Each structure stands twice: as C-alpha cells, then as structure tokens.
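Trainee: Dumping the structure here so I can ask a few things about it.
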2 protein chains.
Amino acid sequence: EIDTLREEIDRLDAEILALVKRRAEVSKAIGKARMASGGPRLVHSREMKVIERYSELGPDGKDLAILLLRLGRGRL
Amino acid sequence: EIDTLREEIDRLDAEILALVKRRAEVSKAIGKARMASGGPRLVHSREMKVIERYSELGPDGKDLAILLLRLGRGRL
C-alpha cells in the first residue's frame, strides 16, 4: 500500500540525512588531522575503497560516494 | 585520533549503504504501484520535498537527493 511505502521512505531519509551529516563532521575532522600533521590524502587507497563500496549500487552509487567525499571538505 | 575517526567513517558507511539499498527497493515498489494504477508521478510535490530535505547539506546535498531518486527507478 503506497502510503505505508511512502512513510517507510520518509523514515529511511530521516536516518540517511542524520548519518550523512555525521559523516560530513567526521570527514572534516579527519581532514583537519591530515593537514595538521602533513601526510598525503588517501585518495587512491581509502577514498577509492569508499567509491568501490557504494559501486555495489551501480554508477549512480559511484557518484553518491563522490558526493559524500565532497561533503567532508573543510570550510574557512 | 585518525584511526578511531576512520573506524567511525566505516561504521557510518555500513549504515548508509544498508539504508540506501532499502530505499532503492521501496522506491521501486512505489514505482510499480504508481504504474500499476496510472496516476502522475509526484515530481513537483513529493520528489521536490526530498530534494529540499537534503538541500540542508548544501548543493552536493541536492545532487545526493537526485541520485537517491535515480536509484529507485524500475529495471525490466
């Protein structure tokens, strides 16, 4: 029944938004700790593994991982 | 400490991936029920509200909502 399915979607989006906001805050912290310690960014090791993880969803999955990594970027 | 922050990221991504997979399955169902009942797609009402919800994250947020809606599209 559509309305039950719709309310399942709204529950899923509440959970996703909360987790993405937290992921953005944690990534920002990791960024601070990288810059405040030098050392290269882990693009080809760790970031590529994150993109591969979400690639299980298909190519819109790869793009989703790319946006999550953008959300973790430092602001002045 | 980086390694603790890194393990928090990996926990957050496990949760996000599980919820996105479920959201894809539920959206597909809503799609089936729409087609199998006619009626217009709720682009300007419901989909726009989902994009607005994720827009709280910034423009990468708008793009994230667009990809979540794509993941819900029917396959033969």
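Letters A, B, ... mark the chains of the structure tokens in the order given; residue numbers begin at 1 per chain; ligand numbers begin at 1, in order shown.
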Taking only C-alpha atoms into account, report as a JSON list (two decimals) with N, CA and C atoms, in the first residue's frame which residues of chain B lie within 6 Å of chain A.

Mentor:
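The file below, selection-v4.json, is the result:
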```json
[["chain", "number", "residue", "atom", "x", "y", "z"],
["B", 16, "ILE", "N", 24.76, 3.73, 6.10],
["B", 16, "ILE", "CA", 24.22, 4.47, 4.91],
["B", 16, "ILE", "C", 23.93, 3.49, 3.79],
["B", 60, "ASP", "N", 25.75, 19.90, -2.87],
["B", 60, "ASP", "CA", 26.13, 18.49, -3.05],
["B", 60, "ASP", "C", 24.96, 17.70, -2.45],
["B", 67, "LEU", "N", 20.39, 11.64, -6.96],
["B", 67, "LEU", "CA", 20.88, 10.25, -7.17],
["B", 67, "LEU", "C", 20.01, 9.25, -6.42]]
```

Trainee: My list of candidates is B:28, B:7, B:48, B:42. Which is closest to residue 76 of chain B when distances are computed with only C-alpha atoms?

Mentor: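 Result for the nearest residue to residue 76 of chain B: B:28.
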
Trainee: Write out as a ChimeraX atom specification all residues of segment 7-73 of chain B that backbone DSSP assigns to alpha helix (DSSP H).

Mentor: /B:7-35,48-55,59-71
